[PDB]
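Keeping their order, the protein sequence lines are chains J and A.
For the authors' numbering, count along the first sequence from 1 and bump the result up by 525.
For the authors' numbering, count along the second sequence from 1 and bump the result up by 630.
Think of the CB as a built atom: it goes at the ideal place given N, C-alpha and C, for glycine as much as any other residue.
What follows is one structure encoded as structure tokens, with my remarks underneath.
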Amino acid sequence: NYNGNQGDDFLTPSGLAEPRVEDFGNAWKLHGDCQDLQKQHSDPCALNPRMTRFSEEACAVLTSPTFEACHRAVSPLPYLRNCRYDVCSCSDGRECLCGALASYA
Amino acid sequence: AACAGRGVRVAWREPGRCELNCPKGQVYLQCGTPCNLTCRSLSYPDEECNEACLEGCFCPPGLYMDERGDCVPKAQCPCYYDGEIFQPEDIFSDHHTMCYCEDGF
Ligand SMILES: *[C@@H]1O[C@H](CO)[C@@H](O)[C@H](O)[C@H]1NC(C)=O
Ligand SMILES: [Ca+2]
């Protein structure tokens with residue numbers, strides 16, 4: 526609702542804020558035959574364990590000294606979570622790495 | 631062009647007059663086949679094409695013309711679906727479908 530507050534952004538058309546991001550997002554789906562998302566599986570590296578070592582080692586650049594000038598201008602932590610998710614679960618983790626780093630930059 | 635409209639083909643261009651110097655990596659042909667020049671021809675191969683061999687700039691025999699008009703191998707062509715453009719090895723799935731881009735299709 527662009528009101529300066531995070532605490533009500535999970536508002537829904539029923540006028541209540543869902544504490545679950547899944548039920549929040551489901552309440553904004555435009556079509557009735559779309560499946561309701563039951564649970565959002567954070568940290569998808571469990572489904573491809575081969576990817577986790579690279580996902581960590583590569584996305585840790587966001588918290589490395591190269592971004593240190595930015596770390597006090599924008600907090601890197603959401604971008605690091607997004608990066609590790611992206612690299613662990615996408616069609617090409619190199620492109621997803623570059624997209625996450627570009628997103629923080 | 632009137633000659634070609636009567637089936638007579640003339641090699642009339644010379645370095646002294648009116649060389650059809652080609653864009654990008656393309657090469658001149660006095661007569662080349664239009665039906666298989668573009669990556670769209672890979673993306674819509676079931677569509678019939680019968681247009682005559684004609685003068686112009688064409689990709690070398692193993693390469694297809696991309697959106698920006700340079701010539702790429704068949705594997706590097708993007709794919710066209712519902713009027714949207716997908717890069718090689720792109721995947722998508724939806725409640726009705728699951729599709730991927732390879733060899734321009
Ligand atoms: C287009 O078709 C001709 C045969 O009609 C073939 O010689 C040529 O290699 C084809 N072009 C490509 C890029 O495959
Ligand atoms: Ca708000």
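Taking contact to mean at least 3 C-beta pairs separated by less than 8 angstroms, is the region 572-583 of chain J in contact with the region 536-547 of chain J?
no
Please decide whether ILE715(A) counts as near chain J, where near means a Cβ-Cβ distance under 7 angstroms.
In the second sequence, residue 715(A) corresponds to position 85, counting from 1. For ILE715(A), the answer is no, since every Cβ of chain J falls outside 7 angstroms of its Cβ.
Suppose contacts are defined by Cβ-Cβ distances below 7 angstroms. Is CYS623(J) in contact with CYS615(J) by that definition?
To locate residue 623(J), count along the first sequence from 1; it is residue 98. To locate residue 615(J), count along the first sequence from 1; it is residue 90. No; because the gap between Cβ atoms is not below 7 angstroms, this pair is not in contact.
Can you tell me whether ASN666(A) sits near ligand 1, meaning its C-beta is under 6 angstroms from at least one heavy atom of the ligand?
Within the second sequence, numbered from 1, the residue matching residue 666(A) stands at position 36. At least one heavy atom of ligand 1 is nearer than 6 angstroms to the Cβ of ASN666(A), so yes.
Determine whether the Cβ of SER589(J) lies closer than 7 angstroms to any Cβ atom of chain A.
Along the first sequence, one-based indexing puts residue 589(J) at 64. Closer than 7 angstroms: no.
Could you check if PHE688(A) is buried or exposed, using at least 16 other CB atoms within 10 Å of its CB as the buried criterion?
Residue mapping note: residue 688(A) aligns to position 58 of the second sequence, counting from 1. Buried, since its Cβ has 16 or more Cβ neighbours within 10 Å.
Based on the DSSP output, what are the partners of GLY686(A) in its beta bridges?
The count along the second sequence starts at 1 and reaches residue 686(A) at position 56. Beta-bridge pairing links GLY686(A) to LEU659(A).
Beta-carbon contacts of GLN706(A) that lie in its chain and below 7 angstroms, excluding the five residues immediately before and after:
As a first step, residue 706(A) must be located in the second sequence, where it is residue number 76. Cβ contact annotation for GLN706(A) (same chain, cutoff 7 angstroms, sequence separation greater than five): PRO718, in chain order.
Three-state secondary structure (DSSP) of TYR527(J)
Numbered from its first residue, the first sequence carries residue 527(J) at position 2. In this structure, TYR527(J) counts as coil in the three-state DSSP scheme.
Counterpart residues of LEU693(A) in DSSP-defined beta bridges
Walking along the second sequence from the start, residue 693(A) turns up at place 63. The partner list for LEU693(A) (beta bridge, DSSP) reads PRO703(A).
Per DSSP, what are the beta-bridge partners of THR668(A) in this structure?
Here residue 668(A) is taken as the residue at index 38 of the second sequence, counted from 1. For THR668(A), which the question treats as bridged, DSSP gives the partners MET695(A).
Close Cβ partners of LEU650(A) (< 8 angstroms) along its chain, the five nearest in sequence each way excluded:
Reading the second sequence from its first residue, position 20 is the one you call residue 650(A). Residues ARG643, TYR658, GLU685, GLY686, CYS687 of the same chain have their beta carbon placed closer than 8 angstroms to that of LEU650(A), with the five preceding and five following residues left out of the count.
Would you tell me roughly how many angstroms separate the C-alpha atoms of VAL640(A) and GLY662(A), rounded to the nearest one?
Taking the second sequence and counting its residues from 1, one reaches residue 640(A) at position 10. Taking the second sequence and counting its residues from 1, one reaches residue 662(A) at position 32. Taking the straight line from one Cα to the other gives about 14 angstroms.
Same chain, Cβ closer than 8 angstroms to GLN563(J), neighbours up to 5 away in sequence not counted:
By 1-based counting over the first sequence, the position of residue 563(J) is 38. If we look at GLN563(J) and ignore the five residues flanking it on each side, its Cβ neighbours are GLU547.
Would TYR604(J) be called buried (16 or more neighbouring beta carbons within 10 Å of its own) or exposed?
Mapped onto the first sequence, residue 604(J) falls at position 79. Burial call: buried.
Verify the CB distance criterion: does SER567(J) have a CB-CB separation below 7 angstroms to chain A?
In the first sequence, counting from the first residue as 1, residue 567(J) sits at position 42. It does not; no Cβ of chain A falls within 7 angstroms.
Spell out whether any CB of chain A is found under 7 angstroms from the CB atom of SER580(J).
Here the question's residue 580(J) lines up with position 55 in the first sequence. So no, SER580(J) is outside the interface.
Run through DSSP, which three-state label would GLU719(A) get?
Counted from its first residue, the second sequence places residue 719(A) at position 89. Coil at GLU719(A), not helix or strand.
Where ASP558(J) meets chain A, residues with beta-carbon distance less than 9 angstroms:
Here residue 558(J) refers to the residue found at position 33 of the first sequence. Per Cβ cutoff of 9 angstroms: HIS725.
Beta-carbon separation of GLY699(A) and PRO653(A) under 7 angstroms?
Here residue 699(A) refers to the residue found at position 69 of the second sequence. Here residue 653(A) refers to the residue found at position 23 of the second sequence. Result yes, Cβ atoms of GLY699(A) and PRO653(A) sit closer than 7 angstroms.
For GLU649(A), return the contacting residues in chain J, with the cut-off set at a CB-CB distance below 7 angstroms.
Start at 1 with the first residue of the second sequence, and residue 649(A) comes out as number 19. By Cβ distance, chain J contributes nothing, its closest Cβ being about 41 angstroms from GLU649(A), past 7 angstroms.
Going by the DSSP bridge assignment, what does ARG647(A) pair with across the sheet?
Here residue 647(A) is taken as the residue at index 17 of the second sequence, counted from 1. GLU644(A), per the DSSP bridge assignment.
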